[PDB]
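This is protein_36.cif. It holds mmCIF, C-alpha atoms and all ligand atoms.
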data_model
#
loop_
_atom_site.label_atom_id
_atom_site.label_comp_id
_atom_site.auth_asym_id
_atom_site.auth_seq_id
_atom_site.Cartn_x
_atom_site.Cartn_y
_atom_site.Cartn_z
CA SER O 1 50.27 -116.30 49.41
CA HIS O 2 53.15 -115.11 51.58
CA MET O 3 54.20 -118.62 51.97
CA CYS O 4 57.49 -118.92 53.68
CA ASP O 5 58.15 -115.14 53.77
CA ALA O 6 60.43 -115.36 56.81
CA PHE O 7 62.61 -118.03 55.13
CA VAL O 8 63.17 -116.27 51.83
CA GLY O 9 66.62 -114.80 51.24
CA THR O 10 70.31 -115.59 51.23
CA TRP O 11 71.82 -117.21 54.32
CA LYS O 12 75.41 -118.13 55.20
CA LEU O 13 76.53 -120.95 57.56
CA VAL O 14 78.02 -119.76 60.80
CA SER O 15 78.19 -122.89 62.97
CA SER O 16 77.82 -126.64 62.62
CA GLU O 17 77.65 -129.00 65.65
CA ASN O 18 77.70 -132.81 65.66
CA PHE O 19 77.52 -132.83 61.87
CA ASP O 20 80.23 -135.46 61.32
CA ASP O 21 78.39 -137.86 63.63
CA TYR O 22 75.06 -137.12 61.93
CA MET O 23 76.61 -137.80 58.52
CA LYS O 24 78.17 -141.04 59.88
CA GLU O 25 74.73 -142.14 61.05
CA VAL O 26 73.28 -141.39 57.60
CA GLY O 27 76.04 -143.53 56.05
CA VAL O 28 78.29 -140.90 54.48
CA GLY O 29 81.85 -142.03 53.77
CA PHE O 30 85.00 -140.59 55.30
CA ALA O 31 86.26 -138.32 52.50
CA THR O 32 82.82 -136.83 51.79
CA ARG O 33 82.30 -136.21 55.48
CA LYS O 34 85.59 -134.36 55.84
CA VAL O 35 85.15 -132.12 52.81
CA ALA O 36 81.41 -131.52 53.30
CA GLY O 37 81.91 -130.82 56.97
CA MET O 38 84.35 -128.08 56.07
CA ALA O 39 81.94 -126.33 53.66
CA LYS O 40 80.46 -122.97 54.58
CA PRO O 41 77.49 -122.87 52.23
CA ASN O 42 75.28 -120.04 51.11
CA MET O 43 71.62 -121.27 51.28
CA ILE O 44 69.32 -119.34 48.94
CA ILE O 45 65.58 -119.78 49.50
CA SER O 46 63.03 -118.31 47.09
CA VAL O 47 59.32 -118.66 46.40
CA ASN O 48 57.47 -118.16 43.10
CA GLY O 49 53.77 -118.95 43.47
CA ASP O 50 53.49 -122.41 45.03
CA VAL O 51 57.05 -123.41 44.07
CA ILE O 52 59.79 -123.14 46.69
CA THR O 53 63.42 -123.33 45.58
CA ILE O 54 66.32 -124.04 47.90
CA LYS O 55 69.84 -123.68 46.54
CA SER O 56 73.05 -124.47 48.41
CA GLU O 57 76.31 -123.07 47.02
CA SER O 58 79.75 -123.99 48.38
CA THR O 59 83.15 -125.29 47.37
CA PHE O 60 81.93 -128.81 48.21
CA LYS O 61 78.89 -128.84 45.90
CA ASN O 62 76.21 -126.61 44.36
CA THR O 63 72.71 -128.09 44.81
CA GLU O 64 69.22 -126.92 43.87
CA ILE O 65 65.80 -128.35 44.70
CA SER O 66 62.37 -127.04 43.74
CA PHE O 67 59.16 -128.38 45.19
CA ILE O 68 55.56 -127.83 46.27
CA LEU O 69 54.75 -128.36 49.94
CA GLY O 70 53.40 -131.84 50.65
CA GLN O 71 54.27 -133.14 47.16
CA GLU O 72 56.98 -135.80 46.99
CA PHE O 73 59.90 -135.45 44.66
CA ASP O 74 62.96 -137.57 43.80
CA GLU O 75 66.24 -135.79 45.04
CA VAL O 76 69.91 -136.64 44.54
CA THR O 77 71.40 -135.38 47.77
CA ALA O 78 74.80 -133.58 48.11
CA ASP O 79 76.25 -136.92 49.39
CA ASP O 80 74.82 -138.75 46.34
CA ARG O 81 71.92 -140.57 47.90
CA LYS O 82 68.90 -141.11 45.68
CA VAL O 83 65.99 -140.24 47.98
CA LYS O 84 62.29 -139.56 47.95
CA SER O 85 61.76 -136.21 49.63
CA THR O 86 58.66 -134.53 51.07
CA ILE O 87 58.81 -131.01 52.47
CA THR O 88 55.93 -129.62 54.55
CA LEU O 89 55.30 -126.58 56.75
CA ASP O 90 54.35 -127.67 60.28
CA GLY O 91 53.69 -124.94 62.76
CA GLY O 92 55.96 -122.54 60.86
CA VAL O 93 58.85 -125.04 60.58
CA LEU O 94 59.93 -126.39 57.18
CA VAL O 95 60.16 -130.16 57.65
CA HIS O 96 62.12 -132.12 54.98
CA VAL O 97 61.89 -135.92 55.20
CA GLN O 98 64.17 -138.05 52.99
CA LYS O 99 63.43 -141.76 52.47
CA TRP O 100 65.82 -144.23 50.85
CA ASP O 101 66.63 -147.93 51.24
CA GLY O 102 64.13 -148.31 54.13
CA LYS O 103 65.91 -145.47 56.01
CA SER O 104 64.68 -141.98 56.87
CA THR O 105 66.18 -138.69 58.00
CA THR O 106 64.50 -135.37 58.80
CA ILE O 107 65.93 -131.89 58.27
CA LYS O 108 64.03 -129.04 59.94
CA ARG O 109 64.51 -125.35 59.11
CA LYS O 110 63.32 -122.85 61.74
CA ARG O 111 63.43 -119.07 62.05
CA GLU O 112 64.74 -118.12 65.54
CA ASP O 113 65.45 -114.46 66.24
CA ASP O 114 67.40 -113.26 63.20
CA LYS O 115 68.82 -116.73 62.44
CA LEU O 116 67.79 -119.73 60.41
CA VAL O 117 68.42 -122.86 62.41
CA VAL O 118 68.77 -126.23 60.65
CA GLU O 119 68.33 -129.41 62.69
CA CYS O 120 69.22 -132.75 61.10
CA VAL O 121 68.13 -135.95 62.81
CA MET O 122 68.98 -139.60 61.98
CA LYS O 123 67.69 -142.10 64.53
CA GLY O 124 69.14 -140.71 67.82
CA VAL O 125 71.81 -138.45 66.27
CA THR O 126 71.08 -134.74 65.84
CA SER O 127 73.12 -131.95 64.35
CA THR O 128 72.43 -128.23 64.48
CA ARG O 129 73.62 -125.85 61.77
CA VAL O 130 73.05 -122.10 62.28
CA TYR O 131 72.77 -119.66 59.38
CA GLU O 132 72.79 -115.86 59.40
CA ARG O 133 71.63 -113.44 56.70
CA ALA O 134 74.31 -113.11 54.02
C1 LIG O 201 76.80 -133.48 52.67
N1 LIG O 201 75.56 -133.18 53.39
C2 LIG O 201 74.85 -131.95 53.44
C3 LIG O 201 75.53 -130.72 52.91
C4 LIG O 201 76.66 -130.21 53.52
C5 LIG O 201 77.36 -129.16 52.98
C6 LIG O 201 76.92 -128.58 51.80
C7 LIG O 201 75.79 -129.09 51.17
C8 LIG O 201 75.10 -130.17 51.68
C9 LIG O 201 73.62 -132.15 54.08
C10 LIG O 201 72.58 -131.15 54.44
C11 LIG O 201 72.18 -130.11 53.40
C12 LIG O 201 70.94 -129.34 53.90
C13 LIG O 201 71.24 -128.56 55.15
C14 LIG O 201 72.16 -127.38 54.92
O1 LIG O 201 71.95 -126.71 53.81
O2 LIG O 201 72.97 -127.00 55.79
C15 LIG O 201 71.80 -129.48 56.20
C16 LIG O 201 72.92 -130.38 55.71
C17 LIG O 201 73.54 -133.55 54.41
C18 LIG O 201 72.57 -134.34 55.04
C19 LIG O 201 72.79 -135.72 55.16
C20 LIG O 201 74.02 -136.27 54.69
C21 LIG O 201 75.02 -135.52 54.12
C22 LIG O 201 74.75 -134.15 53.96
#
Encoding of this model in structure tokens:
Amino acid sequence: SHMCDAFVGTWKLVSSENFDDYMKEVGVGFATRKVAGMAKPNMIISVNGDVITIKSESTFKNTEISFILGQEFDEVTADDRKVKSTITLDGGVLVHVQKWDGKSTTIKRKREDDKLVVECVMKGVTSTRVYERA
């Protein structure tokens, strides 16, 4: 269906701003924050029919999620939270909401020029992570 054509590919992290503070707000502990904050992951996005797969590969952790838009799934996050996740496409932005322990955080993925921009928001704390094509 050409769903998510502009997101598909292999992307590498180039910059990460306010990410330690975002992780602190989420509740991530000191040692995980330091090591995860140092990671320079490769994000690999693929689509096969209705199923979207997002992989993240780095020295910190290798993760993989597969999902259908709008259809909740149970995720173990890279920081070891057990969350209920829903990913939707809203006006061309991939919107990932994670719910756990009466808390919520939203991770948005946007295509801007030749970049993929990731915005993570927890209450009033935002972090921006910019990816380029690998
Ligand atoms: C540890 N860590 C990572 C992370 C950090 C490094 C490697 C893997 C996961 C993320 C996300 C992963 C999705 C997205 C991204 O892929 O950049 C934005 C950050 C994240 C979000 C909340 C808390 C801790 C978190």
Show me the residues around (59.4, -118.6, 45.7) - criterion: an atom at most 12 Å away, all atoms listed in the file counted - as a PyMOL selection string. chain O and resi 1-9+44-55+65-69
Sorted by chain and rising residue number, list the residues of chain O at most 8 Å from ligand LIG 201 (chain O) (counting only C-alpha atoms and all ligand atoms), each with its closest atom pair and distance in Å to one decimal, as a Markdown table.
| residue | atom | partner | partner_atom | distance |
| --- | --- | --- | --- | --- |
| O:13 | CA | O:LIG201 | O2 | 7.2 |
| O:22 | CA | O:LIG201 | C19 | 7.3 |
| O:23 | CA | O:LIG201 | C20 | 4.9 |
| O:26 | CA | O:LIG201 | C20 | 5.9 |
| O:27 | CA | O:LIG201 | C20 | 7.7 |
| O:28 | CA | O:LIG201 | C20 | 6.3 |
| O:32 | CA | O:LIG201 | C1 | 6.9 |
| O:33 | CA | O:LIG201 | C1 | 6.8 |
| O:36 | CA | O:LIG201 | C5 | 4.7 |
| O:37 | CA | O:LIG201 | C5 | 6.3 |
| O:38 | CA | O:LIG201 | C5 | 7.7 |
| O:39 | CA | O:LIG201 | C5 | 5.4 |
| O:40 | CA | O:LIG201 | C5 | 7.1 |
| O:41 | CA | O:LIG201 | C6 | 5.8 |
| O:42 | CA | O:LIG201 | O1 | 7.9 |
| O:43 | CA | O:LIG201 | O1 | 6.0 |
| O:56 | CA | O:LIG201 | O1 | 5.9 |
| O:57 | CA | O:LIG201 | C6 | 7.3 |
| O:58 | CA | O:LIG201 | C6 | 6.4 |
| O:60 | CA | O:LIG201 | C6 | 6.2 |
| O:61 | CA | O:LIG201 | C7 | 6.1 |
| O:62 | CA | O:LIG201 | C7 | 7.3 |
| O:63 | CA | O:LIG201 | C7 | 7.1 |
| O:77 | CA | O:LIG201 | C22 | 7.1 |
| O:78 | CA | O:LIG201 | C8 | 4.9 |
| O:79 | CA | O:LIG201 | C1 | 4.8 |
| O:105 | CA | O:LIG201 | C19 | 7.8 |
| O:107 | CA | O:LIG201 | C15 | 6.7 |
| O:118 | CA | O:LIG201 | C15 | 6.3 |
| O:119 | CA | O:LIG201 | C15 | 7.4 |
| O:120 | CA | O:LIG201 | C15 | 6.4 |
| O:129 | CA | O:LIG201 | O2 | 6.1 |
With 4 Å added on each side, what axis-aligned box encloses every listed atom of region 27-42 of chain O? Give the centre and edge lengths in Å to one decimal, as AutoDock Vina command-line options.
--center_x 80.8 --center_y -131.8 --center_z 54.0 --size_x 19.0 --size_y 31.5 --size_z 13.9
Interatomic distance, CA of residue 10 (chain O) to CA of residue 70 (chain O) (Å, one decimal): 23.5 Å
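Our summary of the geometry notes that CA of residue 104 (chain O) is positioned 12.3 Å from CA of residue 125 (chain O).
Counting only C-alpha atoms and comparing O:76, O:121, O:31, O:130, the residue that lies closest to residue 96 (chain O) is O:121.
Picture a line from CA of residue 117 (chain O) to CA of residue 71 (chain O); it runs 23.2 Å.
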Taking (56.0, -124.8, 58.5) in the file's coordinates as the center, which residues reach within 10 Å of it, counting all atoms listed in the file, put as a CSV table (one decimal) with C-alpha atoms, in the coordinates of the input?
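Contents of point32.csv, as written:
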chain,number,residue,atom,x,y,z
O,3,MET,CA,54.2,-118.6,52.0
O,4,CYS,CA,57.5,-118.9,53.7
O,69,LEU,CA,54.8,-128.4,49.9
O,87,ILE,CA,58.8,-131.0,52.5
O,88,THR,CA,55.9,-129.6,54.6
O,89,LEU,CA,55.3,-126.6,56.8
O,90,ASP,CA,54.4,-127.7,60.3
O,91,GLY,CA,53.7,-124.9,62.8
O,92,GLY,CA,56.0,-122.5,60.9
O,93,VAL,CA,58.8,-125.0,60.6
O,94,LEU,CA,59.9,-126.4,57.2
O,95,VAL,CA,60.2,-130.2,57.6
O,108,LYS,CA,64.0,-129.0,59.9
O,109,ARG,CA,64.5,-125.4,59.1
O,110,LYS,CA,63.3,-122.8,61.7
Selected residue of minimal separation from residue 115 (chain O) among O:34, O:103, O:133, O:84, counting all atoms listed in the file: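 For residue 115 (chain O), the nearest of the given residues is O:133.
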Using all atoms listed in the file, which of O:21, O:75, O:132, O:64 sits nearest residue 98 (chain O)? O:75
